[PDB]
Structure formats: structure tokens, C-alpha cells
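Trainee: I'd like to ask some things about the structure below.
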Ligand SMILES: CC(=O)N[C@@H]1[C@@H](O)[C@H](O[C@@H]2O[C@H](CO)[C@@H](O)[C@H](O)[C@H]2NC(C)=O)[C@@H](CO)O[C@H]1O
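In the entry's author numbering, the protein residues as written are 1 to 129.
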């Protein structure tokens, strides 16, 4: 599913992402936009043999099992395929686990690049949330 920006903002807000581990909602909309263009089916293979999955582009070396990643740890305890559904429940639960690690939201390259220190007002403008 390719989410609409406000549609995605509402689903994140409904799921407790606004302020999760001190990360306001606009943070999460901004990184979803840059990481996958709001597409739950987005996949990106890395040089190291790992692959990034879904809306949040979660990596198969540490968080999920895709069965072809060398030295994989599967910390979210899921199949990477579960990160590609239109339904965001499992993706959200795993993104919540990812942000508890020491690096917080800096775990996401797109957040570090396009969102950190930025004015993120525009990502939720007009969503009425
Ligand atoms: C969103 C995602 O899947 N991000 C990735 C980062 O988690 C991953 O960072 C690595 O995360 C581990 C788990 O918290 C850390 O123990 C490890 O220190 C770490 N490393 C760094 C190098 O910042 C990176 C790199 O594997 O990949 C991103 O895809």
C-alpha cells in the first residue's frame, strides 16, 4: 500500500508513535517519506547482503529474518515479509523496538539526512492531528 501523508499521520498517531521514546509525530512522517515514499512494499538491497523492508526501511541484518542475510540477529523476532503488509501493526511494533536502542531515531539514515534539525511542521500540516 502507498499511504497518503495524512492517512499515515493518523495511523501513526492512533498507534502511539507521537512522542514514542521522545520522538514527536512529524519525525516519523518525515523519515517514512524519505525512506520509502510511504510505500509499505518498498525493498532496497544493500552491499553487505542485507535488505531494507517496508515503510520504515528496517534492516534484515539486525531486526528481521529474510533468510538470506549473513550474520542476521532478528531482534524484532519477525519475518521481514511481515514488514511489507498494508497493515502497519507489525512494522510499528518493530520500529518501536528499534528506537529503544542507544542510537534512538538516528538508526534511520534518512532521518539523520533530511529530518534532523529541520522544521518538520510541514509533514503534518493539514492532517488535523
Ligand atoms: C532502521 C534500521 O534498520 N537501521 C539500521 C541500524 O539499526 C543499524 O545500526 C546498527 O544497529 C544496531 C542495533 O541497534 C547497533 O547495535 C549498531 O551499533 C548499529 N550500528 C550503527 C553502525 O550505527 C545500521 C547498521 O547496521 O543499519 C541501519 O539500517
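Using N, Cα and C, we set each Cβ at its ideal position, and we do this for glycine too.
(1) Is residue 92 helix, strand or coil by DSSP?
(2) Run through the DSSP bridge pairs and tell me what residue 23 is partnered with.
(3) List the endpoints of the continuous beta strand (DSSP E) containing residue 121.
(4) For ligand 1, is there any heavy atom lying closer than 8 Å to the beta carbon of residue 74?
(5) Could you give the distance in angstroms between the alpha-carbon of residue 45 and the alpha-carbon of residue 66?
(6) So does residue 57 have its beta carbon nearer than 8 Å to some heavy atom of ligand 1?
(7) Ligand 1 and residue 102: does any heavy atom of the ligand fall closer than 8 Å to the residue's C-beta?
(8) Taking the alpha-carbon positions, what's the residue 118 to residue 41 distance?
(9) Quick check on the DSSP output: the beta strand (DSSP E) that includes residue 45 runs from which residue to which?
Mentor: Answer, in terms of the structure:
(1) helix
(2) 20
(3) Residue 121 -> no beta strand (DSSP E), and no H or E assigned at all.
(4) no
(5) 11 Å
(6) Residue 57 Cβ: within cutoff of ligand 1.
(7) yes
(8) For residue 118 and residue 41, the gap between their C-alpha atoms comes out near 27 Å.
(9) 43-45
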